[PDB]
Amino acid sequence: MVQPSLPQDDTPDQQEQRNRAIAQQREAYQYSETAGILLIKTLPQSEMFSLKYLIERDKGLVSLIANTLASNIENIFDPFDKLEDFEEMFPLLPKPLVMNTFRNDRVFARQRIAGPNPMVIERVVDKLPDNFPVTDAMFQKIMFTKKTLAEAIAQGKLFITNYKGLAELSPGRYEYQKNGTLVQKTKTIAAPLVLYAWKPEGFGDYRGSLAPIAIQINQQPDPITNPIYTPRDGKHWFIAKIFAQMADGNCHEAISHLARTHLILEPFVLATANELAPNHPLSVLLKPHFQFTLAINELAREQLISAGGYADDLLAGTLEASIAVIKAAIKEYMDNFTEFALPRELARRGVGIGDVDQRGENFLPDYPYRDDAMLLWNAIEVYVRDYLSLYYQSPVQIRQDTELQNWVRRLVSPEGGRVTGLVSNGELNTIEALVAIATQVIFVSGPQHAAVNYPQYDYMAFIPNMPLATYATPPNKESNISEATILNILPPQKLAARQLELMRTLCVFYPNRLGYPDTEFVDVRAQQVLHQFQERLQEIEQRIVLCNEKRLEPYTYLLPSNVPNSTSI
Amino acid sequence: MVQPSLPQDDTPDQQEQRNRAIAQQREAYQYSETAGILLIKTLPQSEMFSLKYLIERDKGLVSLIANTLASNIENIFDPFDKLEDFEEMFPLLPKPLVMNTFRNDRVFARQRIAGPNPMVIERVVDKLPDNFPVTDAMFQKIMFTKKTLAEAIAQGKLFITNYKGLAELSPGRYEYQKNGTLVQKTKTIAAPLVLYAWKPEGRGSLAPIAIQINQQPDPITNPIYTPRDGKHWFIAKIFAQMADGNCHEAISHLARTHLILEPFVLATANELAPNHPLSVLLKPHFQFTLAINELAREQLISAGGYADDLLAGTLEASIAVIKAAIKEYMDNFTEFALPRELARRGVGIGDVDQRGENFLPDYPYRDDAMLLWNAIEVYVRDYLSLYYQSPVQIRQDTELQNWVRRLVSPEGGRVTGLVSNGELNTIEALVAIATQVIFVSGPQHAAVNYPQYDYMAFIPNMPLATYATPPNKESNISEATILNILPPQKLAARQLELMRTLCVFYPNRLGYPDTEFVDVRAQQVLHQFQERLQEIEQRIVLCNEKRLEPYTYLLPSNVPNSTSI
Ligand SMILES: [Fe+3]
Ligand SMILES: [Fe+3]
C-alpha cells in the first residue's frame with residue numbers, strides 16, 4: 001500500500017515502476033466497441049462482481065422465479081384480459097408505489113420532478129413550439145381561469161416536456177405463432193409534447209404542484225389525426241397520458257439511464273486504467289466510484305443492448321433505432337461535458353436554483369430531484385476539492401503531471417471517448433478544472449445513477465403507469481374507448497412480464513454505499529477528508545428526512561443511505 | 001510467467017520470493033468452517049467466477065423464469081392434481097431423458113450403473129443382510145427359476161443397494177399459511193434395501209428383485225415388495241429412488257466431489273509457491289471450485305436453502321450425513337481411488353467369473369471412468385517426471401512436505417489416509433494423489449453432476465423427499481395416493497429449479513486450461529493428454545452404439561476441467 005504521489009515528484013526508480021504498472025494496465029484494459037459504443041475488450045478478473053454481489057443478484061432472480069410461480073400471467077403475446085390483472089403481477093414482490101394512484105393527473109405530473117426521469121421538463125420561455133398549437137381557450141378551460149397563455153408564460157408558470165428526440169425512431173417489430181401460423185406485428189411510436197402549469201394553490205390545502213394541461217401525442221399537429229388532448233377528454237386523456245409515459249420511459253432508459261450514467265462513465269474508467277499509476281492520487285480518488293462499473297456495462301452489452309435482449313424486446317423502436325438514440329445522447333453529453341454539470345444542466349432547462357420570480361421564489365418550487373441532488377453535488381465538490389488540495393497545491397503541478405495530462409489526452413481522443421467538452425484550450429491547466437471534472441464523474445456514478453435507476457421499480461414495474469412500448473395506435477378522438485382498447489395499447493402478457501423482470505433486477509439491492517469504500521485511504525489526511533464527507537452525508541440525510549415530512553410525497557432515492565458509491569446495477 | 005521449479009533448487013533470493021508469495025497467499029486463503037465443514041474464510045476476488053461464467057449462469061436462471069411463466073404449476077403446498085402434470089413442467093426446457101421410460105424396471109435398475117449416483121451398488125457375497133429376509137420362494141417367483149438365493153450368490157449374480165446410511169435422519173419439516181392458519185407437516189424418511197440380479201437373457205441387464213423400504217423387517221408394517229406387487233411395487237421404487245437421491249446429493253455429490261476438494265485447494269494456496277510445479281499442475285483443476293463451494297454454503301446447505309427445502313432430513317440431519325461422508329473419504333483417501341473403490345464394492349474390472357467375464361458386464365460409469373482415470377494417471381506421471389526424477393527431490397521439497405502436513409493436520413482437512421509412513425517419500429505416491437484429485441475434480445464430478453437434470457428434474461423418477469408414509473401392502477392405491485407421496489407443487493418446482501441450474505452449462509473443459517504452461521515440455525505433456533482424450537471420446541462413441549442406451553456424461557467433451565457448477 002503506497003502513499004499516493006504525483007509522478008514528477010517520484011524518483012527515477014519509482015517512475016519506472018509507475019510506467020511498468022501502467023503498461024500492464026493498458027494490456028489488461030483494452031478498448032473495444034459494440035455498435036459504436038465504447039466498451040472494454042475483455043474484463044479483468046479484478047473488475048468482476050464480488051461473491052457478495054453475485055449472491056444478492058441471484059436472490060433477485062430467484063425471487064422472480066417465485067413471483068412468476070405465484071402469478072397468473074402467461075407466456076403469450078395476447079393482452080391481459082382485465083386492466084386489474086396488471087395489479088395482480090406482484091404476489092411475492094413489493095407493490096410498486098405508483099400502483100394505486102397512477103391515474104391521478106397530479107401523480108402523472110409529479111413524475112417529471114420526482115420519478116425515474118426527472119431530466120426532461122423545462123420552463124417555457126417566450127412561446128410554445130409552433131408545432132404545438134395550444135390555445136388560450138384550452139388553457140382557460142383547464143385552469144378555470146381568464147389568464148391567457150402569453151400571460152402565464154410571462155409569469156414563468158408553464159413547463160413543457162418535448163419528446164421530439166424520439167420522432168425518428170423506426171418502430172420495433174415482434175412476431176409469434178398463433179394456431180400454426182406466424183403473426184407479425186409492429187409497435188406504435190410516439191413523440192409527444194406535454195404542457196404543464198405550476199398551480200400555486202394546489203387543491204385548496206396549499207401544497208402547490210405541477211398540473212398537466214395538454215398532450216399532443218405526435219410532433220406534427222393535425223386536428224384529426226394528431227389533436228391536442230386535455231383533461232376534459234375523458235378516456236382519450238387517459239390514453240394520451242399512456243403515450244406520454246411510454247415516451248418518458250424510452251427517453252429514460254436510452255438517454256437518462258443507459259447513455260448518461262452507465263455508458264458515459266466507461267471512458268473514464270478506461271482512461272484511469274490506461275494512464276494513471278495505481279498510486280496516482282486521482283486514481284485512488286476515483287476507483288471506489290468505479291467499482292463494478294465495467295462489469296455492469298458488460299452485462300448491459302450482453303443482456304440489455306444485444307439482439308433479443310431487453311431493449312430489443314421492450315422499447316418502442318427497433319434495437320437499431322434505440323442504439324442510435326443512445327449514441328446521440330452519449331455524443332451530446334461528451335461534446336458538452338461540463339455543460340452537463342448539475343447546476344448548469346438545471347439552469348439550461350430553466351429549472352435551476354437561480355430560476356426565480358421577482359420575489360425570489362423558484363418558478364418550480366416542488367422539485368425533489370433538484371433539491372436533493374444539489375445537496376449531494378455540493379458535498380461531493382467539497383470532498384473532491386479538499387482531497388485534491390492534499391496533492392495539488394499549485395497549478396504547475398497539474399500541468400507537470402504527465403499521467404494526468406495523458407489521462408486528459410486519452411479522454412478527448414477519438415478512440416478514448418471523444419470527450420471534446422472536457423477541457424478548455426486543448427489541455428488541463430488548473431486545479432479547479434480538475435475539481436469540477438472529478439466532482440461530475442463522482443456525482444454521475446453515485447447520485448445521478450441512483451436518481452434514475454432506483455425509481456424504476458416504483459414507477460415502471462407497474463406496467464400501465466409507464467409501459468416501455470405501446471402496441472396499438474391512439475384511437476381517433478371521437479371513437480369510443482373500451483377496456484379492450486386500452487388493453488391492446490398496453491403491452492401483451494409476455495412483454496409485461498419481461499418489463500417487471502428487468503425492473504426488479506435493476507432495483508433489488510445496493511451494491512455499495514456513497515462515501516464508504518471497501519478499503520481505507522493509506523494517506524491519513526485523505527481518510528480524514530473522507531470521514532468529513534461521511535459526516536456531511538449524515539447531515540444531508542437528516543435534512544432530506546425533514547424535507548420529506550413536509551413534501552406531498554416522500555422522495556427517498558437521494559437519501560445518502562440509498563445512494564451507491566458507483567454505477568453498479 | 002516463470003519457469004516452475006522445486007524450492008530446494010532455487011537461489012536464496014528466489015527462495016525468499018517464493019516465501020513472500022506463500023505468506024501473502026496464506027493471508028488471502030484463510031481457513032474457516034460452517035457446521036464443521038472446512039471452507040475458505042474470504043474468497044479472493046481472483047477466485048471469483050468469470051464474467052463468461054456469470055453470463056451463462058444468468059442465462060440459466062432467466063430460462064427458469066421463462067419456463068415458470070409458461071408452466072401451469074402453482075406456488076402451493078398442494079399435490080399436483082394429476083400425475084401427468086409432472087410431464088408438463090418443461091414447456092421451455094429440454095425434456096429430462098428418463099421421463100418417458102422411468103416406470104420400466106430396467107430403467108430403474110440401470111440408474112445404479114449409469115444414473116446420477118453410480119456409486120452404491122455392490123455385489124452380494126456370502127449372504128444378504130440378516131435384516132433383509134428375502135427367501136428362496138420369493139427369489140424363484142420373481143426370477144421364474146428353480147435356482148436358490150444361495151446358488152445365485154455363489155455365482156455372483158446378486159447385487160444390493162443398502163441405504164442404511166439414512167436410517168438415523170430426523171425427518172424434515174415444512175410449514176405454510178393456509179387460511180390464516182399455520183400448517184406444519186413432516187416428510188417421511190426411508191432407508192431401503194434393494195436386491196438386484198444380473199439377468200443374462202434379453203440383452204443382458206440388471207433387474208430389480210426386491211425392495212424393503214425400511215431397515216427393520218416386519219411382514220405387515222415393513223414387508224418385502226417385489227415386481228409382483230403391482231402399484232405397491234411402483235411406490236416402493238419411489239422410496240428407493242428418493243433414498244438414492246439423498247445419498248446422491250449428500251454423499252456422492254456434495255461431500256465426495258465439492259467438499260473433499262476444498263482442503264486440497266486451500267493447501268495448494270497455503271503451502272505451494274505460484275511457480276511450484278504441483279501448484280501449476282493442480283490449479284487449472286481448481287478453477288471456480290472455491291467459488292462454487294461458497295455458493296453451496298450460501299444457497300445449498302444454508303437455513304432455507306435447497307437442501308433444507310428439498311431433502312428428506314432436517315438440515316442438521318443432512319449436514320451430519322455430509323460430514324460423515326467427508327470423514328470416511330479423508331480417513332481412507334487412497335482407498336477411494338477409482339480402481340480400489342470399485343473393487344471394494346465387488347464391481348471392479350477384476351471382479352470376473354470363472355470364464356473371465358465381469359459379474360456386472362454392463363457398467364458404463366466404470367468402463368468410461370477407468371479410461372479417464374488411466375489417461376489422467378499417465379498425464380500426471382509424465383508431467384511430474386519433468387520435475388521429480390528421484391525420491392530425494394520429493395523428500396527435500398519443503399513446500400511439498402508442508403502441503404502434506406497441512407492436509408493431514410486436524411485444521412487442514414484431516415486427510416489421514418493421504419500418505420504412508422507418516423510422510424510423502426516417493427514420486428509414485430504423489431502421482432497417485434494428484435491423479436485422484438484431478439479425477440475427482442473433472443470426471444467424478446461430471447459423472448455425479450451432469451445426470452441430475454435427466455434423472456432428477458423429472459420429479460417422479462427421483463423425488464428428493466417423500467411426503468406420505470408407504471401405504472399398507474393391502475390398501476388400494478389411487479392416483480391421489482401417489483400424488484400425496486410425491487412432492488407438492490412448490491417443492492417440485494424448487495427441485496426443477498435446482499437441477500436446471502446445476503446442469504445448464506460446462507464452465508470449462510477437461511484438458512483445456514485457460515493459460516498455457518510456460519514450460520514447453522509441460523505443454524507437450526498436456527498436448528499428449530489432449531490427444532489421449534480424443535482417442536477416449538471415439539472409443540466411448542463406439543461403445544455407445546452397442547450399449548442399450550448411450551452414456552454420454554464421461555465423454556471428454558462433456559467433462560469439465562474442474563468442479564465448478
Ligand atoms: Fe443502472
Ligand atoms: Fe456440482
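Side-chain atoms are counted along with the backbone in the values below, which use heavy atoms only and exclude waters and symmetry mates. Proteins get letters first, then strands, A, B, ... in listed order; numbering begins at 1 in each.
- Within a 6.0 Å sphere centred on CD of B:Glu87, other residues, nucleotides and ligands contribute more than 12 heavy atoms.
- In this structure, B:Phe333 has its ring center under 6.0 Å from that of B:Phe264.
- To the nearest 0.5 Å, atom CD1 of residue B:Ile433 and atom CG of residue B:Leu424 are 5.5 Å apart.
- Side-chain N or O atoms of B:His248 include none that pairs as donor or acceptor with a backbone N or O of B:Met242 at under 3.5 Å.
- Closest of all the heavy-atom pairs between B:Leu315 and B:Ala307 is CD1-CB, 4.2 Å.
- In summary, the aromatic rings of B:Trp373 and B:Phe439 are positioned with their centroids under 6.0 Å apart.
- Residues B:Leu282 and B:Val265 have side chains not in contact (no heavy-atom distance under 4.5 Å, counting atoms from C-beta outward).
- Between the CD atom in B:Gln495 and the CG atom in B:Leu464 there is a gap of 4.0 Å [rounded to 0.5 Å].
- For B:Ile349, the CD1 atom sits in a loose shell: 12 or fewer heavy atoms of surrounding residues, nucleotides or ligands are nearer than 6.0 Å.
- B:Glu328 and B:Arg256 are joined by a salt bridge, as a carboxylate oxygen and a charged side-chain nitrogen come within less than 4.0 angstrom of each other.
- Side-chain contact check for B:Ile160 versus B:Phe132: some heavy-atom pair is nearer than 4.5 Å.
- The pair B:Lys237-B:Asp105 meets the salt-bridge criterion, since a charged nitrogen lies less than 4.0 angstrom from a carboxylate oxygen.
- Here NZ of B:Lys323 is found 12.5 Å from OG of B:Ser318. Values are rounded to the nearest 0.5 Å.
- A donor-acceptor contact closer than 3.5 angstrom links the side chains of B:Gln241 and B:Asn461.
- For B:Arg344 and B:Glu122, the salt-bridge test fails: no basic side-chain N is under 4.0 Å from an acidic carboxylate O.
- Between B:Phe458 and B:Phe102, the distance from one ring center to the other falls under 6.0 angstrom.
- You'll find the side chain of B:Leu486 reaches within 4.5 Å of the side chain of B:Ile238, heavy atoms only.
- Residues B:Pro227 and B:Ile142 are in side-chain contact: their nearest non-hydrogen atoms beyond the backbone lie under 4.5 Å apart.
- One finds the CG atom of B:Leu259 at 4.5 Å from the CD1 atom of B:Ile326 (value rounded to the nearest 0.5 Å).
- Listed here is the closest heavy atom pair of B:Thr186 and B:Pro171: CG2-CB, 3.6 Å.
- When side chains are defined from C-beta on, B:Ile260 does not count as touching B:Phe336, because their heavy atoms never get closer than 4.5 Å.
- Across all their heavy atoms, B:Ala240 and B:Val194 have their closest contact at CB-CG2, 3.8 Å.
- Between the NZ atom of B:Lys187 and the CG atom of B:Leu310 there is a distance of 6.5 Å, given to the nearest 0.5 Å.
- Under 4.0 Å is where a charged nitrogen must lie from a carboxylate oxygen, and between B:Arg547 and B:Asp362 no such pair does.
- The distance from atom CD1 of B:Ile565 to atom OG1 of B:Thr289, rounded to the nearest 0.5 Å, is 12.0 Å.
- In summary, B:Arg414 and B:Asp331 do not engage in a salt bridge, as defined by a charged side-chain N under 4.0 Å from a carboxylate O.
- Ion pair B:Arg539/B:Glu535 not flagged as a salt bridge, since none of the NZ, NE, NH1 or NH2 atoms sits closer than 4.0 Å to an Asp/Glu carboxylate oxygen.
- Summarising the local packing, NZ of B:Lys164 is surrounded by 12 or fewer heavy atoms from other residues, nucleotides or ligands at distances under 6.0 Å.
- Within 6.0 Å of the CD atom in B:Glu531, the count of heavy atoms belonging to other residues, nucleotides or ligands exceeds 12.
- Of the possible polar contacts, one joining the B:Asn131 side chain to the B:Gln215 backbone as a donor-acceptor pair under 3.5 Å is found.
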request  = Given salt bridge (charged side-chain N to carboxylate O under 4.0 Å, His left out), test B:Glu151 with B:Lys157 step by step and report yes or no.
outcome  = CA-CA 9 Å; B:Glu151 286 164 342; B:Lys157 299 296 199 81; over 6 Å; no
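- Considering all non-hydrogen atoms of both residues, B:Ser385 and B:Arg381 come closest at OG-O, 2.8 Å.
- For B:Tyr196 and B:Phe159, the ring centers sit 6.0 Å or farther from each other.
- With no hydrogens or angles considered, a side-chain donor-acceptor pair links B:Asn358 and B:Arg366 at under 3.5 Å.
- Listed for the B:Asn293 side chain is no donor-acceptor partner under 3.5 Å among the backbone atoms of B:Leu39.
- Of the possible polar contacts, none joining the B:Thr161 side chain to the B:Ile121 backbone as a donor-acceptor pair under 3.5 Å is found.
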key: B:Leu206 vs B:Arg110, side chain to side chain contact (heavy atoms under 4.5 Å, CB included): CA-CA, chis, key distance, verdict   = CA-CA 7 Å; B:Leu206 267 181; B:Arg110 284 194 79 267; 5.6 Å; no
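- Heavy-atom neighbours of B:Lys231 NZ from other residues, nucleotides or ligands within 6.0 Å: at or below the threshold of 12.
- Between the side chain of B:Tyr453 and the backbone N or O of B:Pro94, at least one donor-acceptor pair lies under 3.5 Å.
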task = Go through B:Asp244 and B:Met462 one step at a time and tell me if the side chain to side chain contact (heavy atoms under 4.5 Å, CB included) criterion holds.
result = CA-CA 8 Å; B:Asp244 200 51; B:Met462 185 165 289; 3.5 Å; yes
key: Working for side chain to side chain contact (heavy atoms under 4.5 Å, CB included), residues B:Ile213 and B:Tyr225   = CA-CA 8 Å; B:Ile213 292 174; B:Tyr225 292 105; 4.0 Å; yes
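- Counting only N and O atoms by type, the side chains of B:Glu537 and B:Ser557 include a donor and acceptor under 3.5 Å apart.
- Without hydrogens or angle criteria, B:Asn449 side chain to B:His445 main chain gives no donor-acceptor distance under 3.5 Å.
- Ring geometry for B:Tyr551 versus B:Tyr553: interplanar angle over 60°, hence perpendicular rather than tilted (30 to 60°).
- Here the side chains of B:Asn558 and B:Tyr506 are in contact, with some heavy-atom distance below 4.5 Å.
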ask   = Under the side-chain hydrogen bond (donor to acceptor under 3.5 Å, both in side chains) criterion, do B:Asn117 and B:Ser252 qualify, and how do the steps go?
value = CA-CA 7 Å; B:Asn117 194 16; B:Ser252 298; 2.6 Å; yes
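- A donor-acceptor contact under 3.5 angstrom links the side chains of B:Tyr365 and B:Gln444, judged on distance only.
- Closest heavy-atom contact between B:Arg494 and B:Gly305: NH2-C, 3.7 Å.
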task = Could you walk me through whether B:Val448 and B:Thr257 pass side chain to side chain contact (heavy atoms under 4.5 Å, CB included), step by step?
result = CA-CA 9 Å; B:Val448 302; B:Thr257 63; 4.0 Å; yes
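- More than 12 heavy atoms of other residues, nucleotides or ligands sit less than 6.0 Å from atom CG of B:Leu542.
- For B:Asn222 (side chain) and B:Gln216 (main-chain N/O), a donor-acceptor pair under 3.5 Å exists by modelled atom type.
- Judged purely by atom type and a 3.5 angstrom limit, B:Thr466 uses its side chain to pair as donor or acceptor with the backbone of B:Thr188.
- The heavy-atom pair separating B:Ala457 from B:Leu496 by the smallest distance is CB-CD1, 3.7 Å.
- Looking at B:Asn246, its side chain does come within 3.5 Å of a backbone N or O of B:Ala312 through a donor-acceptor pair.
- No donor-acceptor pair under 3.5 Å is formed between the side chain of B:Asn561 and the backbone N or O of B:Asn508.
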